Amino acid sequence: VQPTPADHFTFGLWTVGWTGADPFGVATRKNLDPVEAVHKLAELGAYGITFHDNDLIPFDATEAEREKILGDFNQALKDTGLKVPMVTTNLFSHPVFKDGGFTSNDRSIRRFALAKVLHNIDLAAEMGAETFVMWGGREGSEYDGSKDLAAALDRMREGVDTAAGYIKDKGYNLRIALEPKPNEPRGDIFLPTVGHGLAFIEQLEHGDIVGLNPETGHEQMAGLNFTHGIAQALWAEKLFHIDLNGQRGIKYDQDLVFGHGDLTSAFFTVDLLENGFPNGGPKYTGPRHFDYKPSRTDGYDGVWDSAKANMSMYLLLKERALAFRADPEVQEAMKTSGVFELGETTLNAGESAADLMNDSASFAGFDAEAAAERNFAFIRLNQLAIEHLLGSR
């Protein structure tokens, strides 16, 4: 399996650039020059690179430094051919963002945070990004009385709608993608799961350009089924981007290589990205972005190995998932279990509520105990899927 730019594997600069500092220890790796990252990633088969404004341009950078850095970075882009599909803002590392950007209790700070996002939309626009991500990491609380929960959601809408309004105003071909996370760094984060982000979008003035950027590990941190979560995002036509990684349970976000967490879940995420829905439906057509961190135990060969591991993992799962649905045994098993039958509407063409209550065959004369005898054979369909995952079929 060799990734080619046609695969669309994108990586953030913070992923391979993550230095190894965590709650209990200092960095184990030297900083990564952004030019170097770009060249390395392009030699592995990456299609593009993403960044946070401060991944690239330091918080205190003078104008001269910003031009230099950008000059250096765009040169690397021109040399390698890498695209920049997504840009995001860091509204979490500086101490001023300790209570949030957009939902900070301090108003002067809320205003700076929205100003910092607006400037970053310009930059995103200049880099040719199609997506602008919002990961509200400091938006939330440790204690329940710290916030007025209705005012926090108004404050979040004000920021997102101002951003969206500004895109429309400038004529930028950019969409906003919110990235849910249930906790960490805060005790509780606002809009914690794919359903909470989708719900919020519907309350926005400019929600037509706002969608989601679900991350595997984030949903699994609430113990939810990531595949089910991206299926709801897809079904509402709001899956604008994805952050792929692995997580091994309900605990801190591990950010492991994609497929290095819940493998069977990973397998069915790739089937959904590649195969779409069994009865037809929208398909995810964007970048397959990896948002992970190379373990701090490993030196720089480990970093390039882990970059590679991501794309290898995606490609192997993809091979198996295509083999899985192409198998006649699997198709027959899907039929038997009623996967295709789920696709047929419950009512008949022009059959109303009254029409059906009335129909004696569907209710009064319906034989509930006979119907209950159906062997759905979901275990056998599950064994078939795993056997294809293990490469034994």
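All residue numbers refer to positions in the sequence shown, first residue = 1.
> Which of the two stretches, 36-44 or 348-356, shows the higher mean Cα temperature factor in the record?
Per the PDB record, 348-356.
> For the C-alpha atoms alone, is the average B factor greater in 238-246 or in 258-266, going by the entry?
Taking the mean B-factor of the alpha carbons in each, 238-246 is higher.
> Out of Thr28, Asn54, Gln331, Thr50, which shows the largest CA B-factor listed in the entry?
Across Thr28, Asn54, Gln331, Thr50, the entry lists the biggest C-alpha B-factor for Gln331.
> Looking at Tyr292, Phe92, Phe112, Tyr314, which has the biggest Cα B factor in the entry?
Answer for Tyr292, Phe92, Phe112, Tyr314: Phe112, with the highest C-alpha B-factor.
> Taking the entry's C-alpha B-factors for this chain, is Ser146 in the lowest, middle or highest third?
As the PDB entry reports it, the C-alpha B-factor of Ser146 lands in the middle third of its chain.
> Please place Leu174 in the lowest, middle or highest third of its chain according to the CA B-factor in the PDB entry.
Ranked within chain, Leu174 CA B lands in the highest tercile.
> Lowest, middle or highest third of the chain for the C-alpha temperature factor of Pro192?
Tercile = lowest for this residue's CA B-factor.
> Looking at the entry's B-factor column for C-alpha atoms only, identify whether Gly276 ranks in the lowest, middle or highest third of its chain.
Middle third by C-alpha B-factor.
> If you rank the chain by CA B-factor, which third does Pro23 end up in: lowest, middle or highest?
Highest third of the chain for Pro23's C-alpha B-factor.
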